[PDB]
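Have a look below at one chain only, the form deposited in one PDB entry, in structure tokens format.
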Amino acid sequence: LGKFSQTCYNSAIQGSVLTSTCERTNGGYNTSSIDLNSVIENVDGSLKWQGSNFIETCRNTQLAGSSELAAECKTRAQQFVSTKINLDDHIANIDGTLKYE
């Protein structure tokens, strides 16, 4: 997975766009770029690799306790993980209607 920099060089970032000159399988080089905006995100100040849609990659979603979303979610290696998240962290009651904050 990854490791572009081992066989590429003259790399540059301009905003979210990475450009690099990379060795071809059968010889010679090619310059290309990739826009990282759809795959990297800012999570509370940290750059992180964007995850997947949970309805697509998790099964058996259900409420655990009174406030927790639980599911079995796939790793990038297709192993299932038992996982919980507390909806009380960012889900509020505003005047009777559920809202995110």
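Numbering starts at 1 and follows the sequence shown.
Below, we refer to the form deposited in another entry, which is not included among the displayed structures.
When the C-alphas stop fitting one rigid part best and start fitting the other, that is the hinge; which of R24, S52, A70, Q79 is there, between the shown form and the other one? Selected hinge residue from the list: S52.
Given a CA distance change of at least 3 Å, are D88 and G45 closer or farther in the other form? Here the pair is closer than in the other form; there, farther apart.
Would you mind telling me if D88 and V39 are closer or farther apart in the other form than in the shown form, C-alpha to C-alpha, with a 3 Å or larger change? Distance between the C-alphas of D88 and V39: shorter in the other form, by 3 Å or more.
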